[PDB]
Amino acid sequence: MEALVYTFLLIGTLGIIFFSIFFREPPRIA
Amino acid sequence: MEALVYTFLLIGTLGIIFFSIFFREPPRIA
Amino acid sequence: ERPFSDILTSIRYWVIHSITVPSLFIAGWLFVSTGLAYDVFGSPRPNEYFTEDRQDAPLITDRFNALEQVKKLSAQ
Amino acid sequence: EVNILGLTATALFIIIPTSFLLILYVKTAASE
Amino acid sequence: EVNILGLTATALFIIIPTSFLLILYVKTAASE
Amino acid sequence: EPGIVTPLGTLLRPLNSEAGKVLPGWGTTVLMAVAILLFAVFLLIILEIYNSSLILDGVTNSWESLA
Amino acid sequence: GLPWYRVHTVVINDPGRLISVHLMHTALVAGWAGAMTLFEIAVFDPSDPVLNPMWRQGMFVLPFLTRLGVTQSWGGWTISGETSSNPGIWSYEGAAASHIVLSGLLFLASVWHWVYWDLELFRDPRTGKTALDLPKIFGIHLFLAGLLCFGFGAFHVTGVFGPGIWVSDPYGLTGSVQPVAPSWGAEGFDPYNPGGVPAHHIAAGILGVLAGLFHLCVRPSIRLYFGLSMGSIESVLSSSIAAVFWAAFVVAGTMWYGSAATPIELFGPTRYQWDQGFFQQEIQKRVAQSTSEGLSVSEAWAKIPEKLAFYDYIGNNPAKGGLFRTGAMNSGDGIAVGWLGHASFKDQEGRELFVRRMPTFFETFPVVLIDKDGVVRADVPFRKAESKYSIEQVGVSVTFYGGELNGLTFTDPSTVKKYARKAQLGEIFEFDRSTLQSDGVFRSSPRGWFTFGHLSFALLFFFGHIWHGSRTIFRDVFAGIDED
Amino acid sequence: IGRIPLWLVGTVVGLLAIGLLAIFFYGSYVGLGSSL
Amino acid sequence: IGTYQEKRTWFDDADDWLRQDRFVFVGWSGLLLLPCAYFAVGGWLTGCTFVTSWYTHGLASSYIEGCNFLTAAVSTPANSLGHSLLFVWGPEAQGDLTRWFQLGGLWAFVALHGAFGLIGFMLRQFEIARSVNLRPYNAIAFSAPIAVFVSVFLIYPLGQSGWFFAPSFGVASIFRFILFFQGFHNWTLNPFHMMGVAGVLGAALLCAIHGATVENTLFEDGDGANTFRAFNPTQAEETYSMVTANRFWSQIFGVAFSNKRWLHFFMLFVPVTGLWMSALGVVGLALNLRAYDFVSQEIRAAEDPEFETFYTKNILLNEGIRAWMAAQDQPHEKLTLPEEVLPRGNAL
Amino acid sequence: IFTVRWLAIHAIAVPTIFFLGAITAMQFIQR
Amino acid sequence: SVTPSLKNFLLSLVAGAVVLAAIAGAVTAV
Amino acid sequence: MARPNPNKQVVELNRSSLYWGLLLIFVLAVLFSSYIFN
Amino acid sequence: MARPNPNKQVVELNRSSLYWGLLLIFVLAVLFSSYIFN
Amino acid sequence: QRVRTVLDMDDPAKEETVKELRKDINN
Ligand code: CLA
Ligand code: CLA
Ligand code: CLA
Ligand code: CLA
Ligand SMILES: C=Cc1c(C)c2cc3nc(c4c5[nH]c(cc6nc(cc1[nH]2)C(C)=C6CC)c(C)c5C(=O)[C@@H]4C(=O)OC)[C@@H](CCC(=O)OC/C=C(\C)CCC[C@H](C)CCC[C@H](C)CCCC(C)C)[C@@H]3C
Ligand SMILES: CC(C)=CCC/C(C)=C/CC/C(C)=C/CC/C(C)=C/CC/C(C)=C/CC/C(C)=C/CC/C(C)=C/CC/C(C)=C/CC/C(C)=C/CC1=CC(=O)C(C)=C(C)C1=O
Ligand SMILES: CCCCCCCCCCCCCCCC(=O)OC[C@H](COP(=O)(O)OC[C@@H](O)CO)OC(=O)CCCCCCCCCCCCCCC
Ligand SMILES: CC1=C(/C=C/C(C)=C/C=C/C(C)=C/C=C/C=C(C)/C=C/C=C(C)/C=C/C2=C(C)CCCC2(C)C)C(C)(C)CCC1
Ligand SMILES: CC1=C(/C=C/C(C)=C\C=C/C(C)=C/C=C/C=C(C)/C=C/C=C(C)/C=C/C2=C(C)CCCC2(C)C)C(C)(C)CCC1
Ligand SMILES: [Fe+2]
Ligand code: NA
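Residues numbered from 1 in each chain as written, not as in the entry; some residues may be left out. Chains lettered and ligands numbered in written order. Part of a larger assembly, values for the part shown. Heavy atoms only, no water.

- In the PDB archive, cryo-EM is given as the structure determination method for this entry, at a resolution of 2.78 Å.

### A closer look at the interface of chain I and chain C
Point 1. Counting residues at the interface gives 29 residues for chain I and 30 residues for chain C.
Point 2. Applying the counting rule to chain I against chain C returns one salt bridge.
Point 3. When the shortest N-O distance is used, the salt bridge between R63 of chain C and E92 of chain I registers 3.5 Å.
Point 4. In the side of chain I that touches chain C, the residues fall into 13 nonpolar, 11 polar and five charged. (Contact = heavy atoms within 4.5 Å. Salt bridge = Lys/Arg side-chain N within 4 Å of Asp/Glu carboxyl O. Nonpolar A, V, L, I, M, F, W, Y, C, P; charged D, E, K, R; others polar.)

### A few points about the side chain of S53 of chain F
Point 1. With respect to the helices and strands, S53 of chain F occurs in the segment after α2 (29-50).
Point 2. Under the relative-accessibility criterion, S53 of chain F is labelled buried at 4%.
Point 3. Setting aside residues no more than four positions away along its own chain, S53 of chain F makes contact with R63 of chain C, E48 of chain F, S84, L85, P91 and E92 of chain I together with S5 of chain K. (Helix = DSSP H or I, 4+ residues; strand = E, 2+ residues; numbered from the N terminus. Buried < 20%, exposed > 50% of the residue type's maximum accessible area, 1.4 Å probe, protein only.)

### Quick word on the UniProt feature "binding site: Fe(2+) 2" (unreviewed entry) in chain I
Point 1. According to UniProt, the feature "binding site: Fe(2+) 2" (unreviewed entry) maps to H264 of chain I in the numbering used here.
Point 2. Overall, the relative accessible area of 37% leaves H264 of chain I in the partly exposed class. (UniProt positions renumbered as here; feature names shortened; annotations may be inferred.)

### Observations regarding the UniProt feature "transmembrane region" (unreviewed entry) in chain D
Point 1. In the numbering used here, UniProt assigns the "transmembrane region" (unreviewed entry) feature to residues 5-26 of chain D.
Point 2. Each end of residues 5-26 of chain D is marked by a C-alpha atom, and these two atoms are 31 Å apart; helix forms 100% of the span and strand 0%.

### Points about the site of ligand 8
Point 1. In the neighbourhood of ligand 8, the contacting residues comprise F8 and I11 of chain A together with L28, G31, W32, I100 and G104 of chain G.
Point 2. In the complex, 41% of the free accessible area of ligand 8, which totals 980 Å², lies under the protein chains.
Point 3. Elements that contribute at least two residues to the shell around ligand 8 include exactly α1 (3-22) of chain A together with α1 (15-43) and α3 (92-115) of chain G.
Point 4. The biggest single contributor to the shell around ligand 8 is α1 of chain G, with three residues.
Point 5. Counted by class, the shell around ligand 8 contains five nonpolar, two polar and no charged residues. (Near = heavy atom within 4 Å. Areas by Shrake-Rupley, 256 points an atom, 1.4 Å probe, with all protein chains shown as cover.)

### Topic: the packing of helix α10 (residues 278-291) of chain G against helix α1 (residues 3-10) of chain N
Point 1. Running from N to C, α10 of chain G and α1 of chain N point in directions that differ by 130°, and their axes come no closer than 10 Å. Judged by the angle between their axes, α10 of chain G and α1 of chain N are oblique. The chirality of how α10 of chain G crosses α1 of chain N is right-handed. Side by side, α10 of chain G and α1 of chain N meet where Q280, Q281, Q284 and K285 of chain G of the first sit next to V6, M9 and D10 of chain N of the second.
Point 2. Residue composition of the contact of α10 of chain G with α1 of chain N, by class: two nonpolar, three polar and two charged. (Axes fitted to C-alpha atoms, helices over the stretch in contact; angles between N-to-C directions. Parallel < 35°, antiparallel > 145°, perpendicular 65-115°, else oblique. Left-handed = near helix turned anticlockwise from the far one by under 90°.)

### Details of the site of ligand 4
Point 1. As a structural note, the neighbourhood of ligand 4 is formed by 24 residues, with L86, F87, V88, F109 and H113 of chain I the closest of them.
Point 2. Site remark: ligand 4 is flanked by residues from chains F, I and K.
Point 3. Contacts to ligand 4 include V88 of chain I, whose backbone N or O atom sits 3.2 Å from an oxygen atom.
Point 4. Secondary structure elements with two or more residues in the shell around ligand 4: α2 of chain F, α2 (33-47) and α3 (105-131) of chain I together with α1 (4-28) of chain K.
Point 5. The element best represented in the shell around ligand 4 is α1 of chain K, accounting for six residues.
Point 6. Tallied by class, residues from the shell around ligand 4 come to 22 nonpolar, two polar and no charged. (Polar contact = N/O pair within 3.5 Å; in protein donor to acceptor, adjacent residues only side chain to side chain.)

Structure, rendered in structure tokens:
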């Protein structure tokens, strides 16, 4: 496949940034 | 390669049985 | 308890088996010798393997009319 | 069709470092 | 000219279960 | 120890609120066995039709069946 | 600790995590369906629907997509060779993308159910412990299954709302997806009757709805509850595995023997179609009917379609490939590009000979050309020292009456032997072995691969059912007896 | 009970079995299946 | 059922009668095991004695025609019958017994009754293990012979043209089936069959080693020269020296068992796994999906007239098996082949 | 008696004796 | 109509029921 | 029944099981590589 | 200095570093896959 | 058309043909 790999990589990056925004470690020391 | 893979697999099996013979866990409870 | 070490030693077992086992043996012998085994199980006699029309190994070559075909190519 | 060399390279470059990082994170979170 | 599909199959069938078993053995021996 | 009380769970709670409830005696096991026997007879019917051991007037059991 | 073969026993007494791992498996299966469909679309060649169909290209999930209605893709083509209308959202790639989106949603739901496992819905109201009312769950699931079966049989396959299913010629020439009228008679139990599938799904859906209502309303007896261990999830696991491998044996049998739900145009021909001379008999009957109405036998053969002659070819035999002869059927012996014609052989004095076709069991077969009566009249010899039947001295010439070879009479015995060797394989076809760098040995059909995989899975799941039935009947001794 | 010895019964049964096996082996050289 | 009233029905009385210790156990499984096994063994001993094979295979397979125990067999039906169940009441026999014989109906009788007898026998193992409160590892082990029987006598002929290609119940018949798999299937080259061979050979290996080791580390437990009287089931001590056995096999073989559980589970595991892999291989062969060839070797031999191996010799032998066997082996296939077209070497 | 042991050993013994007599009779059948 | 194969199949069902009844009688005896 | 999961277990794999798994994997590769390469 | 190694240390990877590593790997794959497939 | 001939046409190529197997009693 060609477009499927690109779509998979893009949605993987979007899922990573979504998890980083919402399911992050709570901030400590300031 | 063709014969290299076979040689690698055979010597890997031989290394596994050598480790099983010599560097095994010591036999506990009988 | 009859552990089979007393039934076989007793003669009561053998007075009713001195005629029963030979009777069964003779029954099998006459079952073979009268041709009843051939008649019941369909095996051909040594003279009934090849008929006049065919001199080779028979083939069933039919499923839904197999009874009729085996009646045609068996011993009459 | 199908560029199986590019597929294998992309799949390995995704799988190996992601699995390595996930294993490190799991063993770090298991033992605080 | 190299049967690289068979090479990939053999290499993955060697690497993945060996790494899985080695990781299990390491995490078992680390915490007795 | 209150668990996790959730709205969909308390909606679907009655359907999981009688676990372990049984009937005394043998219940409807006779009707169950009758249904199982009828199922076995029907399965034998379709098995012998598909095996061509049960010829029917309208069934041909061949690709010409979809002619 | 836990052994590696017991790591999934942690979710036995955990309905929330059991739902989570079910959602994980469901997501993996749906994602595989989408990815496999997109791989087959990427490697599919829709240029020649007649002579290079999907089963010649190793297509596995495309026949199952086609069988229930999707025929055209987003690329503007259709597998039937017809002009593509609007595909809507439900094309091949559309169904694949829907499966991928569903897989992602199931993945998210699995993560949620893994994190939130202590739901009060899984708790017993009077004891406070965690329990599942398995008879009621079974009643609800049977009601849903009956509703789905009735809907699929009354709306989809009958075409009152859905598209229908794939129906075709008995010889696989003309076929398409269309509505099917249900057959309520004994013909509905005809396996090759397409009308028996809607009648099934309607009747079985109605019966499943009734049985689900019965299980919803009626509790089991105490004796049967203790006999089958209805409070144990291991017992329902064993029973479900039993029913599942029963169904796997059934689908493997129907795939291998052919049925209305297993079209030839989608899954390839049948080994019994090759053995029983189905396409050969139809081709010869067509030629005889044409030549009996005052037609020359060079143009009576030209009336024979390209697809039927391709069906009458041992290279399309599903029981002809190998276990490790991997890949598409085209990758074995080339992509078929044309029908050379029907090779007709004559002797020196003049009488028609017929090449004895290769049976299914044989990897190789001696090339013999026998008479109409059934006497060997020529062959390609092995010894060639005491030959009394060799073509070089018998004088067998081939004529051909088809597409590329219509009047080319070859009397050259070297070419006659080659054409006889091609004729024992069925109809002689021209192949391209350079596009895919083809092998030479015959490959297997998707029909054969499906049957092999599912029969192996069925035996494995028979063992799994036996093991789980052992584990649930013998639960106490698998736990312990405590010196008693 | 114990009127005739169990070892004598076993010996007689063994003699009959050996005779049956011997006549079975002899019948492979004569009659049907003798290849003559 | 949880100290309930449990009013007695007919099921309790029949249950108490069936699960009762007798000379032979019957149980509920005896409603299937005993008649099915008795009819299967009786049908085999009747077909090997009286039922001919002249009509179906064109041969003699009974004691009444001149066949030995190693020679007579219950032959399969003709390929023309296909996968017909061949009931005595079926459309082929049509209620005739003497012609339900000599048509291959007895083979289907023995096969179906043997399959249901195997089902009843594993059910009997389950029931006896439940009665004595023991784990059903005997049933788990017996799952592999049943898998072999199903895949060989049912799945393989169901995938082939018909019951004719199933193994006929006999000795020379099974040897025919074996040589047929050699010539037509190349069953030795199949990795699943190799796994099955390894399983059976390692199982016999484990049996011999375990018996010899246990019988050679027996302790005294007595004063006589015969150690067999030394064994007493009343004492709770082990009858053999596991420590001595472990040290002996550690210094002889390099590795040795240290757990009786693991040793006996391995003895359980090896033949069951081997027979299950062989069953999967026969399932593969049911659809002619074969490990027949090595494509690189065939291409190299085709383009190289002096390259040959034992594999090429095996393929050359398989071709001879097929060509010289099919004519007199498959009478429905009607091979009137001349002997000048068959593959024949020099002189021989 | 006529118990389960009796029925089992007789169902094994009677046809074996009958068949052994049959086979001994067939040893003297010649073409 | 009623095919002879169907009539034989129904007779076989009756015979199987008779066989099961005979087995039940034999196990209720003894 | 609380915030932690009481069903949580760990996996134990000793050196004998590691050797058996490695031997099985490598022997299966040895047996099947001749057929995969073909 | 004894039977155990005094230089024994463990590797620590928190969730922020896991997110950064996964993001770097996936962004590098996004950037370079167009050139690897070519 | 000619049911007698087509049987003798394709049976030398393949003897397991359906029409050869069925109604073989009359032959
Ligand atoms: C039961 C399910 C099933 C079935 C019937 C098929 C059937 C088919 N697949 Mg498919 N596939 C499946 C599942 C299935 N697949 C899954 C789950 C995946 C995802 C991994 C794929 C991915 C896939 C791809 C990428 C391709 C196919 C292709 C094909 C077709 C070619 C024949 C073939 O499979 O090669 C041969 C099959 C075998 C050799 C089976 C192996 C037999 C046993 C299991 C081997 C044992 C392994 C051993 C223990 C490990 C050691 C080996 C090691 C040394 C490497 C065929 C019709 C090809 C195709 O035609 O393109 C459309 C293709 O390229 N499939
Ligand atoms: C909105 C739900 C939905 C829809 C509309 C579809 C639609 C489709 N799927 Mg699918 N799928 C889904 C969900 C869905 N799926 C989910 C959730 C999964 C994960 C488990 C899958 C996994 C999946 C796979 C692996 C595949 C598909 C495939 C397909 C396509 C062909 C289906 C087919 O012909 O096979 C036929 C379907 C069946 C034979 C199911 C029969 C059900 C059995 C017989 C039930 C018997 C037991 C039952 C309980 C008895 C009830 C008793 C009775 C009295 C009531 C089709 C477009 C195929 C495809 O081509 O890929 C795209 C394919 O290979 N899907
Ligand atoms: C849907 C069917 C199903 C389900 C839900 C289960 C569930 C379970 N089984 Mg079971 N089993 C099944 C079918 C099933 N089995 C079948 C078909 C067989 C015959 C092969 C077995 C034979 C079996 C045995 C012998 C044992 C279990 C055991 C178990 C329990 C824990 C094992 C585990 O998962 O640890 C983890 C499992 C693994 C890590 C497997 C290793 C990877 C395998 C070898 C290859 C990878 C497979 C591949 C990725 C996908 C294949 C799936 C697809 C092709 C179908 C668990 C509750 C164990 C038990 O009884 O618990 C005490 C046990 O010892 N099963
Ligand atoms: C009791 C043990 C038992 C079992 C499990 C079997 C099993 C089998 N036999 Mg066998 N048989 C048995 C005893 C048994 N037999 C005995 C004692 C004899 C000597 C008479 C025979 C003689 C025999 C022959 C000659 C043949 C078989 C055959 C078969 C096979 C197929 C039978 C079939 O398809 O019909 C199906 C049977 C049933 C569906 C059972 C009927 C159950 C009915 C539906 C119960 C309904 C009763 C109902 C409650 C009545 C009340 C209603 C009313 C009040 C209105 C099968 C596996 C055939 C074979 O081997 O194939 C080659 C065959 O040729 N058997
Ligand atoms: C050729 C090999 C072979 C034979 C003959 C055989 C025979 C037997 N195995 C048994 C048991 C077992 N077999 C086991 C593991 C194995 N068994 C193996 C291989 C064999 N096992 C292997 C390789 C394994 C390792 C996996 C286990 C674990 C058990 C048992 O628990 C059991 C036992 O106690 O051992 C002593 C006995 C109980 C059978 C019975 O009463 O079934 C009842 C059903 C019957 C009698 C009907 C079936 C009839 C058959 C299937 C079809 C008809 C065949 C004709 C009657 C005879 C044809 C003979 C010709 C082919 C020569 C029986 C003597
Ligand atoms: C150049 C080179 C290297 C050339 C080599 C070329 C070549 C031909 C390579 C060989 C290829 C090769 C590996 C082939 C094998 C491939 C093959 C067929 C694989 C099968 C794989 C497989 C999984 C099969 C499934 C069936 C199965 C599970 C079989 C396993 C067989 C097996 C492991 C058997 C056990 C072996 C064995 C030695 C038993 C141990 C016995 C033992 C030491 C007991 C001792 C003992 C006994 C006691 O009683 C007590 C009390 C104690 C205390 C005690 O200790
Ligand atoms: C001069 C000396 C001659 C001997 C040298 C040759 C011996 C080779 C050693 C045997 C292999 C070691 C097995 C590792 C596996 C291993 O050692 O596991 C360890 C295991 C010991 O088990 P335990 O008693 O510790 O089990 C309890 C455990 O569960 C708890 O710790 O050994 C055994 O299972 C018993 C012996 C089986 C050995 C089976 C032989 C397998 C044959 C291997 C063939 C390889 C392929 C051919 C080569 C290409
Ligand atoms: C999250 C999300 C998403 C999604 C994503 C994705 C993309 C997913 C996926 C997925 C996928 C894409 C999947 C797939 C898969 C695959 C699989 C799951 C497979 C497999 C395997 C197997 C099972 C195998 C088996 C075997 C072997 C081992 C070898 C060969 C042979 C056999 C078959 C035996 C989105 C963004 C949309 C949105 C929402 C969210
Ligand atoms: C067929 C059939 C049937 C069935 C039947 C039955 C079930 C019966 C039987 C039977 C039987 C069951 C018979 C038998 C036989 C046997 C025999 C013939 C034997 C023998 C021989 C010999 C030679 C031996 C030797 C020896 C040994 C090895 C051991 C010890 C020692 C001695 C030396 C003694 C019926 C009618 C239902 C119907 C259907 C079909
Ligand atoms: Fe022991
Ligand atoms: Na020679």
